[PDB]
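Working notes, beginning with the structure itself.
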Ligand SMILES: [Mn+2]
Ligand SMILES: [Mn+2]
Ligand SMILES: [Mn+2]
Ligand SMILES: [Mn+2]
Ligand SMILES: [Mn+2]
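Chains as they are written, first to last, in this note's numbering: chain U, 1 to 98; chain Z, 99 to 198.
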């Protein structure tokens, strides 16, 4: 009841947006339940939060063909990948919060 | 000549501070040359940068016993680890950056 995730499926990746409701401590990273996704497809991760929340999640999806992290100015930046894209490639995404 | 790294060794982790000087594009992640460290020891990562820089570096040390990311309010938060600490544990380190 303190952290919501939205998941959106795409031809080429699963998007994960997280929202923080109540303020959080890091212990949360032991409790939190990470959305399960299509492994055959890479992952983009967005949300306003501490870098640690982002990194934690990012590593969590490290088996997928790639992981990218959202930056309002740029899109999703691939930070690691096994199969499809390269570190530093930028997927063209915009995320609107109403 | 756009991104500097400092390394500081400790009994229990290698600290990596990174600094950005020129503004950066994400292409940089293909070039960046990461400080090599004692694998037997975990790693703490401090620096101001985009999430992506943090995550990128963090993942880069993913073999070490753990990786933690510095947060001025809290300390170094373990975000992944193989051997020593737990995700969400907070190493109780203070980092102050002396300006000028
Ligand atoms: Mn794990
Ligand atoms: Mn890997
Ligand atoms: Mn790699
Ligand atoms: Mn691993
Ligand atoms: Mn754990």
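C-beta atoms are modelled at their ideal positions from N, C-alpha and C, and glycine is treated no differently.
Residue i CB to nearest heavy atom of ligand 2 below 7 Å
i: residue 62 (chain U); result: yes
Within-8 Å CB hit, residue i to chain Z
i: residue 30 (chain U); result: yes
i: residue 26 (chain U); result: yes
i: residue 44 (chain U); result: no
i: residue 21 (chain U); result: no
i: residue 56 (chain U); result: yes
i: residue 74 (chain U); result: yes
i: residue 92 (chain U); result: no
i: residue 87 (chain U); result: yes
i: residue 95 (chain U); result: no
beta-carbon residue i near ligand 6 non-hydrogen atom, thresh 7 Å
i: residue 80 (chain U); result: Of the ligands one can find in the structure shown, namely ligand 1, ligand 2, ligand 3, ligand 4 and ligand 5, none is ligand 6.
is_contact[residue i, chain U] using C-beta, thresh 8 Å
i: residue 149 (chain Z); result: yes
i: residue 180 (chain Z); result: no
i: residue 131 (chain Z); result: no
Distance, residue j Cα to residue i Cα
i: residue 24 (chain U); j: residue 172 (chain Z); result: 12 Å
i: residue 87 (chain U); j: residue 192 (chain Z); result: 31 Å
i: residue 181 (chain Z); j: residue 164 (chain Z); result: 7 Å
i: residue 69 (chain U); j: residue 91 (chain U); result: 9 Å
i: residue 127 (chain Z); j: residue 79 (chain U); result: 8 Å
i: residue 143 (chain Z); j: residue 170 (chain Z); result: 12 Å
i: residue 137 (chain Z); j: residue 110 (chain Z); result: 11 Å
i: residue 15 (chain U); j: residue 81 (chain U); result: 15 Å
i: residue 160 (chain Z); j: residue 20 (chain U); result: 26 Å
Where residue i sits in the DSSP three-state scheme
i: residue 31 (chain U); result: helix
i: residue 94 (chain Z); result: Given that chain Z is displayed from residue 99 to residue 198, the structure contains no residue 94 (chain Z) and the question cannot be resolved.
i: residue 82 (chain U); result: coil
i: residue 156 (chain Z); result: helix
Contacts of residue i in chain A (Cβ-Cβ under 8 Å)
i: residue 62 (chain U); result: Checking the listed chains, one finds no chain A in this structure; the protein chains it contains are U and Z.
Any non-hydrogen atom of ligand 5 within 7 Å of residue i CB
i: residue 185 (chain Z); result: yes
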